[PDB]
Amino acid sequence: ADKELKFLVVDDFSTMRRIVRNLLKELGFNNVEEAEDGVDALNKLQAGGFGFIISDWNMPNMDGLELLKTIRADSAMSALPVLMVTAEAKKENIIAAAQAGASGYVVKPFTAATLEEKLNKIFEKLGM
């Protein structure tokens, strides 16, 4: 993947957004923006240029799964990589993420190494 790939980090908890952003920076990905929920995220996505989405599962107004579906059903954004982040891995949620088209699924908190590992699995799958 290109070091300048533009990421959108979505979470209603500001501290977690900062942490994910810092983890991305640690891996050399500096082009990162933030959104506080699914609605805010879609609003900023309408601006264009985004190449990767990392979204939390539980957020008000529009949660992670709802954001993911919206992206996948949109003609311009349908192929965007989306890594889902959750507080707890659950069978039902995992199957739901698969059905909706999640590129990845990871439990927080996670280290830089783990993030790197999840991103690389997605890049490889997508030939990025």
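Sequential numbering from 1, following the sequence displayed. The term rigid core refers to the maximal set of C-alpha atoms that superpose within 1.5 Å between the two forms.
After a core fit, the C-alpha atoms in 8 other deposited structures of this protein lie farther on average from the shown form in one of 83-91 and 99-107, namely 83-91. RMS Cα deviation from the shown model in 8 other deposited structures of this protein, rigid core fit, is larger for 110-118 than for the other stretch of the pair 5-13 / 110-118. Mean CA B-factor, 98-106 versus 54-62: the higher value falls on 54-62.
For the pair 31-39 and 44-52, the record assigns the higher mean C-alpha temperature factor to 44-52. Placement of the Cα temperature factor of residue 77 within the chain: highest third of the modelled residues, per the deposited record. In the PDB entry, a CA B factor belonging to the middle third of its chain's modelled residues is recorded for residue 86. Among all modelled residues in this chain, the alpha-carbon of residue 8 has a temperature factor (C-alpha) in the lowest third.
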